[PDB]
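Report on the following structure.
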Amino acid sequence: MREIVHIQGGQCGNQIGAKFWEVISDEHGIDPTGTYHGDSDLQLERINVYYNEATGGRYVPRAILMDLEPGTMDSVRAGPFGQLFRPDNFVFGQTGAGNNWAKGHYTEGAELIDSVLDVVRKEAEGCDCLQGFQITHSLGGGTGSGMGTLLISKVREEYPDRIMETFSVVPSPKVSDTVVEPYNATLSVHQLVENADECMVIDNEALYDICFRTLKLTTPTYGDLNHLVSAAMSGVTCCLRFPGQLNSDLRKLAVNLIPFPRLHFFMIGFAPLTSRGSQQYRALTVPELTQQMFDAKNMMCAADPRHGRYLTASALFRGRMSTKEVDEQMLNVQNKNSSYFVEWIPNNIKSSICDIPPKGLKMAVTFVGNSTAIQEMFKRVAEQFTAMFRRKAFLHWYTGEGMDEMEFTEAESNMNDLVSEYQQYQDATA
Amino acid sequence: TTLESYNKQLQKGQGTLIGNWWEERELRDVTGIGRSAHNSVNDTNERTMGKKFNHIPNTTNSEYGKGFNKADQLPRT
Amino acid sequence: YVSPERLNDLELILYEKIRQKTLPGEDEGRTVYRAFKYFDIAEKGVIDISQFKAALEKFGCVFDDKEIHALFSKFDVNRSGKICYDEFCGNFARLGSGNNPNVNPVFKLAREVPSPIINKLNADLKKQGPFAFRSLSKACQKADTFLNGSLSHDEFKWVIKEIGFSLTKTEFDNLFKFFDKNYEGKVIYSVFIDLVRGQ
Amino acid sequence: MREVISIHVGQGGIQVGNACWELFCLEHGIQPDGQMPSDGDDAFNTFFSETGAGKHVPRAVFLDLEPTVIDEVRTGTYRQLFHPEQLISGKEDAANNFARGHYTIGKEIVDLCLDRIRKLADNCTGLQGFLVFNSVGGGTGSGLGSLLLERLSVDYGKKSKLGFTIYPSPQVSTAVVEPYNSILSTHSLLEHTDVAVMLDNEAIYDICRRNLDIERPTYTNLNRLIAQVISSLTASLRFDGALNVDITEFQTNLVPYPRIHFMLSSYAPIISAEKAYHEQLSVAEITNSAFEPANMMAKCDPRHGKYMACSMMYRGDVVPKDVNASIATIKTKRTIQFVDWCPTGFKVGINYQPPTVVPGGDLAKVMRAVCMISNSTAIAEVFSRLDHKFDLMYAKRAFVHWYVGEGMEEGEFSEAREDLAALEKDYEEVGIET
Amino acid sequence: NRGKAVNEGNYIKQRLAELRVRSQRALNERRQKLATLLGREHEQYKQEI
Amino acid sequence: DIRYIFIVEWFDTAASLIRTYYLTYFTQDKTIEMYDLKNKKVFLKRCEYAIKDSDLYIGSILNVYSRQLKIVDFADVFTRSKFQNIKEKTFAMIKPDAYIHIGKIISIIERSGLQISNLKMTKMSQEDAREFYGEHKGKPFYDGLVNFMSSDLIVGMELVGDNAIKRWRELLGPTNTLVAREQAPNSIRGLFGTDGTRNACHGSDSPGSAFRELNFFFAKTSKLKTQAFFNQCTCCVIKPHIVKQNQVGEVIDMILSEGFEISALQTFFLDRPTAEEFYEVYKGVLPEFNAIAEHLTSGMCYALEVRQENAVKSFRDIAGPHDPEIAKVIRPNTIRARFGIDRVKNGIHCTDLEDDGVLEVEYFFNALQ
Ligand SMILES: Nc1nc2c(ncn2[C@@H]2O[C@H](COP(=O)(O)OP(=O)(O)OP(=O)(O)O)[C@@H](O)[C@H]2O)c(=O)[nH]1
Ligand SMILES: Nc1nc2c(ncn2[C@@H]2O[C@H](COP(=O)(O)OP(=O)(O)O)[C@@H](O)[C@H]2O)c(=O)[nH]1
Ligand SMILES: [Mg+2]
C-alpha cells in the first residue's frame, strides 16, 4: 500500500538509520524481538509501509545497509534493536574507502554494488506498490558519498517515475574533522542534482547548537543528535500511515514545494523542543508551536534564513487541533514577515493535519522549507574547494586510480551555476 | 563553554551551584545518570523528547455517528 | 452429538475458507479478525452466539445450529456465553503458520498482562511510603462498602484517583481489558492487588 | 418514485457526505445498521431503497484514489450501511496535480464509476437528477470530477446536474498550486454543470464564530452546516407542504441565461442553544438575517452587485401570508437592489417538516428555518481575484513542468484563461441597464 | 393499489376523534360533579366559623 | 472552612437538552453556589437557601428557585470520602404478628436516624417462602417458620444509613423476645414480641445475606405479586413533605387505629407528566391544579390503599377539609388539621367521590406497577 523502502549507507546512515528504526518501532508498538505488543488498532492499519511480515507473525523492516568495512555493522547488530534487520540485508566489503570519493565510486564501489543492487531489486518487486525511496548517508566521507551517490544513479535509471528522498549530512567548516571534505563534498553535490527529487541537508554544528541552547543539555552525544534527525524523518511520512484531515504524501510535498526542476534543496526543522527541567512551565498551543518552528535558530542548517527569502515552505501538523488556528497562524506569519517571502508566488505555505501525534506528545510540527539561504552552504564549500584546488594539493590520490581533473572542473562549474541561479530569484521581481 | 569543570560525580543534593547546576538536577532526579553516563546506559528518549503523556485519540471521522441526547428517551405523555 | 473428530473436521473446513480469502502478505489471524469486528457494534471486544453464527456465514461456512453450538462451546470453556475473538483468531493463525521445529510461531492464545502501566503504578506507589500498599488495599475495601468482592467501572476510577494517580483514558482501557476479560462489568480487586504488589 | 443520486468524489466530498448521510439517516429514523424501527409513508425513497426485507441502502457512490478516507469510512460506525462495492478506492493519490487525476491515473477508475452509476440508474425508476460534492483546489477532486461530468453529460444527456463545489478562499487556503487546478476545473464545469453553489471555507468560519461563539471551529462543523443546507434544499421533494418545489422548478426560476448559473447560498437562523430562547425568532427577522450580507456562505459582498433571482425555501410552521409581507419589506428596502429586466425575482417553497437536529451539535432546536439560493452579478469578484492570482505566477511559468511532464499540453492554460475572461465579460455586460 | 392503505388510515384517525369526544364528555361530568361538592362544603365550613 | 461539591443535572423543558452544574455547599454558614461545566460562567453565586445536611446523597432530588436538581455523583475525593460511609444497605422485615404496630415500628426507625430507601407490603406465598430461609432445612425451626410466613401480610424494607447492618439489630434486640424484656426492655421485640417463633421483626446478619434478600424482594426480577383488592376501597397518598418531615409513622398508625383495614401500600417515585395525569380529575377543577401537581413529584411518596365498609365518605370524614387552616378551627382532631400545614401541602390526599375510588387505587397498584 504505497510502501517505501529504506537504504542506508556509510557510517552516518547506519547510525542514523539504526536510531530511526528505534523510533518507528516504538511508534508502531513493536518490541526488539519483532512481536507486536501495541495498544490501538490504528497501529496495524498501515504497518505494511515500513515492515514486512514473515511466516510466524514477526515483522522485519525493509532496510538495506551499506558499508565498505564491517566496523560499524557488527556494533549495530550487537546493539539494541539489532535483531530486527534481516541478515541477508547486510552487505559489506573488506577494504574500506579511506575518505576517498573515487575509491567508493570507481574501483571498490563498482565491483561491490552488483550484489547490493540485487538485494534492492528483490525488495522492491516483492511489495505490491512502491511509493519511493529515502536515503540516509554522508557527503563528507568516502563510502557514504562515493558508493551512496552511485546507487542513486543506478536506481534512478531503473525506476524513473518513483520519488526519491535524501537526508544529507553536508559538512560545515566549524566542525573541522576531515581535511579532504571540499573535494568529495562538491562531487557528491554535482551528482545529486540530476537524480534526487528531494534533498534535505543537515549540519552537525546546527544540531549541536540546538542541543546546547534549546534542550540545555550540558554535554550531548551522537545518540542525542541521531534522535533529532530521526524525529524529523518520521514526521514527514506521518500522513502516509495514519488517518487525518488533510492527508499529504511525498509526491504532494514535491508538487507544492518545487517550483523549478533544479530547485529541490530544502532545510528542515522540528518542534516542539523543550528542556527536561522546564517542560511543565509552558503551555502547548498552536500559537506557541508556530512561533518556534519559524525561529531562525531552530532549523538543522547553520544558514540564517533571515539572509534570504523563502520560496515555499510546508508544515505537517500532528495531533488533535482546529484547522482555523492552523490556517490563521500561517496567514498571520506570512503577513507580518512579508519581507522574507518572495512576492511573485501567493500563499507559499502548505499545511497538513494528522490525528496521531508521536508517543508521549500532544502536538508536534515538522517544518520543511525551500529558501535561497541554502546558497551559503554551497558558496562556502566552493570557496574552500578553489582555495585548495588552486595548488592541486591532495590531488594525486584521486587521479591515481582513474579520476581526472576534468570532471573536478565540471563539478565545481555546475555547482557554481546552481548557486547563481538559486539566489537569482531573491532579486527577481514581478 | 567551560562546563563539567568544577562539578564532578555526585548523587542527590543541589551540588556546587555553578554553571548548569539547576538543569542537571532535574535530569539527575528523573533518571540516575544526570550527565553523560560513562563508557547504566542512557536512553535518548527522555533526554530529548521529555515527559511522556501517553494517549492515542480518535480520528475525528469515527465521531459523526456517535452522539446521544439523554432527554429524548423520557416517557413524555 | 458431534463430540468426536467431526468437531475438529469443521475447523479444517473453516480454515480452508479463511485461507482462500486471505490477503497477500497477511496471516490468517487478521483475515478472520476483521470479520468479527465488522459485526459487533458495541466494540466491547466480546460477542454472543448470534454474532458468532453470522460471522461464520460471511466466510460461507454455514452449518446447522447443533454444529454451531459445539464450536461455540469448545472455545467457551468458562461457559459464560461470551467468547473473545482475540483468542479465536490467534488459534487459527498458529494452525496456518505450519509446523517447523527450527522456528516458533509466537502469536497469541491468551490476553497478556499489559505490563508498563502496572510497572509505573508499582514504582509510583513506592514513593508515598512503607504503608502505601496498605492504602491501596484499604481504599478498595472501604470503597467496597458492601463486601461483594468486585468493583464497577466508576468505582475503580475513584479508587485509583483517591490514591493520587491521574491515569489517562487509554491507561484505564488497557488495565481494564485484561482484568475484566469477558466484560462482566465488574473487576475483582483481589487479583489486581496481588499482581501490582509482586510475587 | 422520485430519487436523486449523490456523487461524492475527493477528500472534501467524502468528508461532507459523511455529515450529509448522518443527517439523512437521523432525519428518516434509520439506524446506523440499516433497520428502521419505525413505530409508514415512503418518504425515504428519495435517498434509500429497501432491500426487500429490512435494511435500506443509500443511492450513494464514493470515489477517491487514496484509500485512507475510504478505509476509515468502511471501519467506522457506518460500516453496515453503505454498499460494499459502492465505495470505490484507488491506489495512488493524485498528489494535488490536476493533470494526474485527469489523464493518467484517473482514467482507470471512470469505467468502474460509470458501471456503478449505470446499475444505480437501472435500479432507479424515476431519477430526478445528480448531486455532486467535490473539492476544487485539489488533484483528484477537480480532475476526476471534471472527467465524470464530461462522461455523464454524453452518457445520460438531459438529466439535471447540481454541484456543490468548494472554491479557494481569497486569503485563507492550504495549497500553493491551487490556482491552476481551480481555473481548469472552472473551464470544465462551466459547460457541463447546470447549477453551481459556492462553498468556500473562510466565510463559514466567520459564520460559526460570529453566531455560535466558537473560537475553535473544525471541518466537522462546516460539514454539518453544508448537510443542513442540502437537507433544507431537498426537503420539499420528499415531505408534504403548502408550496412544493422540485429541481426542475429550481433551474427554471434561477437560470436567466445558459452561461449564467453560478449561485451562492445563505442559511438562517443559525443560533446556539443559549441565546435561542430569549429571542423572538419571527418570520420577518429570519428573512432579514438571510439577506444580511455577512451571513452568506461565500466570501462575497452582494452590495457591489445586483440580484437576478432568489429562491426561498421555508420549512416549519410558516404561514404564506407572512412571507408576502416579509418579501414586500425586503423589496421596499433600498440597500438590496434588483436588475431592471427582472420585475419579479422571488420563488417561494414551503415545507411542513421542521428542521431536524443532531445530538451533540451546535445548533439549537428551532421551529422555523429558511435557506436562500440566489443568483447575483457580484460573484464576478471571486473570478476576478482568481484570475489576478493566476496571471501573477504564470508569467514565470512556475510549477508548469509538473503538469506538462504528466501529459497535459501547455496550451490548455491559455484556453482556460480565455474562457474565464469571457465568463467575466459576459457577467459584466448583463449587469448594465436598458 | 396503495389506495386501500390510505382509506384504512383515514378510517382510524376518523374513529379516534369519534371515541375521544365520548371519553372527554364522560370525564367532563366528573369535573362538574366535584365542583358542586366542594362548593357546598365551603359554604357549610364558612357557616360554622 | 470546608466545602462539599457535587454534580447536579437539571432537565430543561423549553430546551430539550439537559444541563449540569456543581452546587457548591459552604457548610460553615449553609450557603449555596452553583458553577457550570460548559461556557465557564458562574450560575448562582453565594446565596443561602436553607438546605439541610441529611438530604445530601447520591440520587437525591432538591428544588431551588423553581428549578429542581438531581445529584448524580460527587466531584472530588474530599467530598466523596465524607459521604461514602453512609451507603450501607440492610433488609428489615415486619412479620405478620405485629401488623397492628406498623406505624409505631416505622416511627422509631425514623428517629433512629436510618433512612428507608424503598418499602413495599406483600404476601409471601407457600413456595417462595420455602425457598426463602433456605439455609435452615434440617432445623425444626425451618418448617414452623415456613408455615408462619405464609399466614398473612408482610412489610419489607431497605434501610440506608451509617453502620446500618448492625445498628438495625441493636435496637431490634436479642433474637429471643422472652429474654429481651429483662435485658433490654426498650426494643422492638421487648415492646412487641410474644414468643420465640412469633418475634416482632427480622433483620439482616451478613452483607451477603443482605444482597440475597434485597434482590429477592426489591429487584425487577421478583415473583412477589402485589396482593391487593380493588373493591370497597379508596386510596390515600402521603405527600412527600410528610416523608421529609418524618411523620409517616405517625399517620399509618393513626389510620390503622380508626378501624380502617389497610390492604397494600408501596413507595413510588413519579414524574411531572405522571403526576399531571393523576390529578386529571382536578385539571381545570377548583383547587389550582398547577402547584399541587408540581409538589407531588418533588420527592419520594407513600401510596396507601384503605378498605372499609363505606370507604369513600367515612375516610373523608376523618381526613377533614383539604385546607388545614380551616380544618384546625372546626375539626381539631382530623388528620389534615393535625398534620397539614397549608393549602398545597395538606398532609394526606384521599379521593372524594363515591364511584371513582375503584380506579384511583387501580392506577397506583395496577397501572403504575
Ligand atoms: N470544508 C471542507 N473542505 C475540505 C475538506 N476536506 C478537504 N477540503 C478541501 O480540499 C482542499 C484540498 O484538497 P483535498 O480535498 O484535501 O484533496 P483532494 O481534493 O481529494 O485531491 P488530492 O489531494 O489529489 O487527493 C482544501 O483546500 C479544502 O478546502 C473538508 O472536510 N471540509
Ligand atoms: N549526526 C551524526 N553525525 C555523524 C555520525 N557518525 C558520523 N558522523 C559525521 O560524519 C562525518 C564522517 O563521515 P564518514 O563516516 O567518514 O563518511 P563515510 O566514510 O562515507 O562513511 C564526521 O564529520 C561526523 O561528524 C552520527 O551518528 N551522527
Ligand atoms: Mg485525496
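Here are the numbers:
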quantity: Test: residue in segment A:100-108 that is surrounded by fewer than 22 Cβ atoms within 10 Å (Cβ to Cβ) and closer than 20 Å to A:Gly17 by Cα; calculated: no
quantity: Matching option when the condition is more than 16 Å from ligand 1 (Cβ to nearest atom) and over 15 Å from the mean Cα position of the chain (by Cα), among A:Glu125, A:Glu165; calculated: A:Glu125
quantity: Residue within segment C:104-114 that is facing another protein chain (nearest Cβ under 10 Å) and among the aromatic types (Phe, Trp, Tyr) present; calculated: yes
quantity: Residue in segment D:156-165 that is in contact with a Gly (Cβ under 8 Å, 6 or more places away or on another chain), of a type in the set (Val, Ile, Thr) and within 13 Å of ligand 1 (Cβ to nearest atom) present; calculated: no
quantity: Residue match in segment C:91-100 (condition: at positive phi and either within 12 Å of chain A (Cβ to nearest Cβ) or touching a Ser or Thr at 6+ places or on another chain (Cβ under 9 Å) (or both)); calculated: yes
quantity: Of all residues making up segment C:148-169, the number that are in a loop (DSSP other than H, G, I, E, B) and within 14 Å of chain B (Cβ to nearest Cβ); calculated: 4
quantity: Verdict on D:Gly137 being farther than 19 Å from D:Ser6 by Cα, under 21 Å from the mean Cα position of the chain (by Cα), within 13 Å of ligand 3 (Cβ to nearest atom) and assigned to a loop (DSSP other than H, G, I, E, B); calculated: yes
quantity: Test: residue in segment A:361-372 that is assigned to a loop (DSSP other than H, G, I, E, B) and among the charged types (D, E, K, R); calculated: yes
quantity: Counted residues, segment E:27-44 - those being facing chain F (nearest Cβ under 9 Å) and of a type outside the set (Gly, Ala, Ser); calculated: 9
quantity: Listing of helices (runs of 4 or more DSSP H) fully contained in segment C:1-74 that carry 2 or more residues being surrounded by 12 or more Cβ atoms within 10 Å (Cβ to Cβ) and within 18 Å of the chain's Cα centre (by Cα); calculated: C:28-39, C:49-58
quantity: Candidates F:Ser204, F:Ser209 - the one that is part of a helix (DSSP H, G or I), of a type in the set (S, T, N, Q) and over 16 Å from the mean Cα position of the chain (by Cα); calculated: F:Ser209
quantity: Filter result for F:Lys244 (away from every other protein chain (no Cβ under 14 Å) and surrounded by fewer than 17 Cβ atoms within 10 Å (Cβ to Cβ)); calculated: yes
quantity: Any hit, segment D:48-68, residues being surrounded by fewer than 20 Cβ atoms within 10 Å (Cβ to Cβ) and within 16 Å of ligand 1 (Cβ to nearest atom); calculated: yes
quantity: Subset of segment D:91-112 (residues that are over 24 Å from the mean Cα position of the chain (by Cα), within 14 Å of ligand 3 (Cβ to nearest atom) and either surrounded by fewer than 20 Cβ atoms within 10 Å (Cβ to Cβ) or part of a loop (DSSP other than H, G, I, E, B) (or both)); calculated: D:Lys91, D:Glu92, D:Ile105
quantity: Answer residue from segment C:174-190, given it is under 22 Å from A:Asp39 (Cα atoms) and in contact with a helix residue (DSSP H, G or I) (Cβ under 8 Å, 6 or more places away or on another chain) and is nearest to the other protein chains (Cβ to nearest Cβ) among those; calculated: C:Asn174
quantity: Condition check for B:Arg28: among the charged types (D, E, K, R), at the interface with chain A (Cβ under 9 Å from one of its Cβ atoms) and surrounded by 12 or more Cβ atoms within 10 Å (Cβ to Cβ); calculated: no
quantity: When residues of segment D:78-106 are limited to those that are away from every other protein chain (no Cβ under 13 Å) and within 15 Å of ligand 1 (Cβ to nearest atom), the one nearest to D:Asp246 (Cα to Cα); calculated: D:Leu87
quantity: Among residues of segment D:21-35, those that are more than 10 Å from every other protein chain (Cβ to nearest Cβ) and assigned to a helix (DSSP H, G or I), counted; calculated: 3
quantity: Filter result for B:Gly13 (part of a loop (DSSP other than H, G, I, E, B) and facing another protein chain (nearest Cβ under 9 Å)); calculated: no
quantity: Helices (runs of 4 or more DSSP H) enclosed by segment F:73-178 - at least 3 residues per element that are surrounded by fewer than 20 Cβ atoms within 10 Å (Cβ to Cβ) and within 14 Å of another protein chain (Cβ to nearest Cβ); calculated: F:77-84
quantity: Spans of helices (runs of 4 or more DSSP H) in segment D:247-335 with at least 2 residues within 19 Å of D:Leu212 (Cα to Cα) and among the small types (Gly, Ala, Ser); calculated: D:283-291
quantity: Close pairs from segment A:143-156: first within 11 Å of ligand 2 (Cβ to nearest atom), partner β-branched (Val, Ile, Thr), Cβ under 8 Å, at least 6 apart; calculated: A:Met147/A:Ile113; A:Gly148/A:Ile135
quantity: Residues (hydroxyl-bearing (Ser, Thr, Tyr), out of contact with any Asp or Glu (no Cβ under 6 Å at 6 or more places or on another chain) and under 30 Å from A:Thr143 (Cβ atoms)) located in segment A:23-72; calculated: A:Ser25, A:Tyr50, A:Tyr51, A:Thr72
quantity: Failed item in (1) away from ligand 2 (no atom under 16 Å from the Cβ); (2) within 21 Å of B:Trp22 (Cβ to Cβ); (3) not in a helix (DSSP H, G or I), with A:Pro220 passing the rest; calculated: (1)
quantity: Matching option when the condition is under 30 Å from F:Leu270 (Cα atoms) and either more than 10 Å from every other protein chain (Cβ to nearest Cβ) or of a type in the set (D, E, K, R) (or both), among B:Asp72, B:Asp43; calculated: B:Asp72
quantity: Pair list, Cβ under 9 Å, 6 or more apart: segment A:7-28 residue in a strand (DSSP E or B), other residue within 16 Å of ligand 1 (Cβ to nearest atom); calculated: none
quantity: Scope segment A:390-414; condition surrounded by fewer than 16 Cβ atoms within 10 Å (Cβ to Cβ) and among the charged types (D, E, K, R); matching residues; calculated: A:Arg390, A:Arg391, A:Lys392, A:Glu401, A:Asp404, A:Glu405, A:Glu407, A:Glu410
quantity: Any hit, segment D:228-241, residues being surrounded by fewer than 14 Cβ atoms within 10 Å (Cβ to Cβ), over 25 Å from D:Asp362 (Cβ atoms) and either of a type outside the set (D, E, K, R) or in contact with a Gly (Cβ under 9 Å, 6 or more places away or on another chain) (or both); calculated: no
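Here's the yes/no breakdown for (1) crowded, with 22+ Cβ neighbours inside 10 Å; (2) within 13 Å of another protein chain (Cβ to nearest Cβ); (3) of a type in the set (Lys, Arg):
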site	(1), (2), (3)
A:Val286	no, yes, no
A:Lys297	no, no, yes
A:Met300	yes, no, no
A:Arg306	no, no, yes
A:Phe317	yes, yes, no
A:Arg320	no, yes, yes
A:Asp327	no, yes, no
A:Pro358	no, yes, no
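Note: ideal-geometry Cβ built from the backbone for every residue, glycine included; neighbour counts use all protein chains shown. Values in this text are rule-based calculations from the coordinates and carry no lab data.
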